[PDB]
2 protein chains.
Amino acid sequence: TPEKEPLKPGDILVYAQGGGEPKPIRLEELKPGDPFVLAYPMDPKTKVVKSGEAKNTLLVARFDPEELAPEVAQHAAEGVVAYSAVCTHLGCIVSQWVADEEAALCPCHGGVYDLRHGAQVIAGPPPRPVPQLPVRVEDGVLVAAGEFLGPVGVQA
Amino acid sequence: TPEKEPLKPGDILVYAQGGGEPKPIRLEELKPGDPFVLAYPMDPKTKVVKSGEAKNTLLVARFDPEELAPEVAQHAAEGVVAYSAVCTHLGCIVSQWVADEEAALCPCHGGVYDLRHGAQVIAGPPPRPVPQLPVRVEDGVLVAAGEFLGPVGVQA
Ligand code: FES
Ligand code: FES
Ligand SMILES: [Ca+2]
Ligand SMILES: [Ca+2]
Ligand SMILES: [Pr+3]
Ligand SMILES: [Pr+3]
Ligand SMILES: [Pr+3]
Ligand SMILES: [Pr+3]
Ligand SMILES: [Pr+3]
Ligand SMILES: [Pr+3]
């Protein structure tokens, strides 16, 4: 089905949506230092939101551009970084924010991923970082700029 | 399809899940005062999580019981409240936590819902509170104790 199609580069990132038309994530809507948003890729032609495949679940956050690791910075757009939100431990959605670390927290077993340093695991049992998705801005809007730089989710 | 069935009383609450087997939310995992978790209802016997219907999207948080408004506490289980996470403004998932207010925040246009006082709108444009889901504990696991108390999401 179109809703279960994988993320492709050029997909528009949209805020996680309940019913109705989706909202593209604009750069100007993300304030540096604010908690991440959960996001999905939307086919730029068909405008189908690929929210039916859980491997397309994203977290998106704006950091101070001079706080990002050089390796993280090269895939960021104006301090904006995106990562897979599928926990690498047992596949829970990494849905919570740790304010003092500016890290992503998994509620299931306390996995914490250090986002400014490539989502390095700094707590709990994830065996590996969630992978980063390359982002770019086009006409004010966040767009997927590449494939995930890594396998998504629980890897057998 | 079964992943799209509406939420029913008796459904087990599970942590939002990528691929794979879901994790029931147990009362003991929820620390009073911690940010909410995004969740879905799961059929107790078939073990089908109803996450393909976005109107089943829940937020779950544990409060100090004596800070809940009387009406809210009537449908809480040892301080744990659940609400629909579909924004009543334009349908975005209410996915963020406001730590100083203990409030759920919609990132689309800044709707903020006062969880301890029945998800009362305290910022942004939502026309009305997200509705509460009554919850109870069954063998240490969080379960739907009734139906959503009002209509879910954007009014049609
Ligand atoms: S599934 Fe995320 S820490 Fe276990
Ligand atoms: S959709 Fe939540 S404030 Fe607009
Ligand atoms: Ca503008
Ligand atoms: Ca126990
Ligand atoms: Pr449409
Ligand atoms: Pr910082
Ligand atoms: Pr700076
Ligand atoms: Pr490089
Ligand atoms: Pr253009
Ligand atoms: Pr019983």
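Since every read-out is calculated from the coordinates, none of them should be taken as a lab result. In this analysis, Cβ positions are derived from the backbone assuming ideal geometry, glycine residues included, and neighbour counts consider all displayed protein chains.
Among the residues that make up region A:85-99, is at least one of them among the β-branched types (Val, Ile, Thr) and more than 20 Å from residue B:105 (Cβ to Cβ)?
Checking region A:85-99: at least one residue is among the β-branched types (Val, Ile, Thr) and more than 20 Å from residue B:105 (Cβ to Cβ).
Picking from A:86, A:49, A:60, which residue would you name as being within 21 Å of residue B:51 (Cβ to Cβ), within 16 Å of ligand 5 (Cβ to nearest atom) and among the β-branched types (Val, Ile, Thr)?
It is A:49.
Somewhere in region A:12-21, is a residue more than 19 Å from residue A:134 (Cα to Cα), away from ligand 5 (no atom under 16 Å from the Cβ) and either basic (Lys, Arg) or in contact (Cβ under 8 Å) with a residue 24 or more places away in the chain (or both)?
So far as region A:12-21 goes, no, none of its residues is more than 19 Å from residue A:134 (Cα to Cα), away from ligand 5 (no atom under 16 Å from the Cβ) and either basic (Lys, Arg) or in contact (Cβ under 8 Å) with a residue 24 or more places away in the chain (or both).
Only one of (1) of a type in the set (A, V, I, L, M, F, W, C); (2) in contact (Cβ under 8 Å) with a residue 60 or more places away in the chain; (3) facing chain A (nearest Cβ under 9 Å) is not met by residue B:115, so which one is it?
(3)
What are the residue pairs meeting all of these: first residue in region A:49-78, first residue without any contact (Cβ under 8 Å) to a residue 60 or more places away in the chain, second residue part of a loop (DSSP other than H, G, I, E, B) and within 16 Å of ligand 5 (Cβ to nearest atom), Cβ atoms under 6 Å, and 6 or more apart or on different chains?
A:49/A:22; A:56/A:50
Identify all residues within region B:51-74 that are of a type outside the set (A, V, I, L, M), outside any helix (DSSP H, G or I) and over 17 Å from residue B:25 (Cα atoms); write none if there are none.
Hits for region B:51-74 are B:52, B:53, B:64, B:74.
Any idea which of (1) crowded, with 17+ Cβ neighbours inside 10 Å; (2) out of contact with any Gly (no Cβ under 8 Å at 6 or more places or on another chain); (3) within 14 Å of chain A (Cβ to nearest Cβ) is the one residue B:136 doesn't satisfy?
(3)
Could you please find all residues in region A:45-66 being away from ligand 6 (no atom under 16 Å from the Cβ), at negative phi, over 13 Å from the mean Cα position of the chain (by Cα) and surrounded by fewer than 20 Cβ atoms within 10 Å (Cβ to Cβ)?
A:45, A:46, A:48, A:52, A:53
For region B:1-29, which positions are facing chain A (nearest Cβ under 9 Å) and within 14 Å of the chain's Cα centre (by Cα)?
Once the filter is applied, which keeps residues that are facing chain A (nearest Cβ under 9 Å) and within 14 Å of the chain's Cα centre (by Cα), region B:1-29 yields B:15, B:16, B:25.
So, residue B:118, is that one touching a helix residue (DSSP H, G or I) at 6+ places or on another chain (Cβ under 9 Å) and within 16 Å of ligand 5 (Cβ to nearest atom) or not?
Spelling it out, it is not the case that residue B:118 is touching a helix residue (DSSP H, G or I) at 6+ places or on another chain (Cβ under 9 Å) and within 16 Å of ligand 5 (Cβ to nearest atom).
For the list (1) part of a loop (DSSP other than H, G, I, E, B); (2) within 16 Å of ligand 5 (Cβ to nearest atom), I need the number of the one condition that residue A:6 fails.
Of everything listed in (1) part of a loop (DSSP other than H, G, I, E, B); (2) within 16 Å of ligand 5 (Cβ to nearest atom), residue A:6 misses just condition (2).
Looking only at region B:85-106, filter to residues that are more than 10 Å from every other protein chain (Cβ to nearest Cβ) and more than 20 Å from residue B:142 (Cβ to Cβ); which one of those is surrounded by the most Cβ atoms within 10 Å (Cβ to Cβ)?
Result: B:103.
Looking at B:123, B:69, B:82, which one is more than 10 Å from every other protein chain (Cβ to nearest Cβ), away from ligand 2 (no atom under 16 Å from the Cβ), surrounded by fewer than 17 Cβ atoms within 10 Å (Cβ to Cβ) and not basic (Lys, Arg)?
After ruling out the rest, the residue left standing is B:69.
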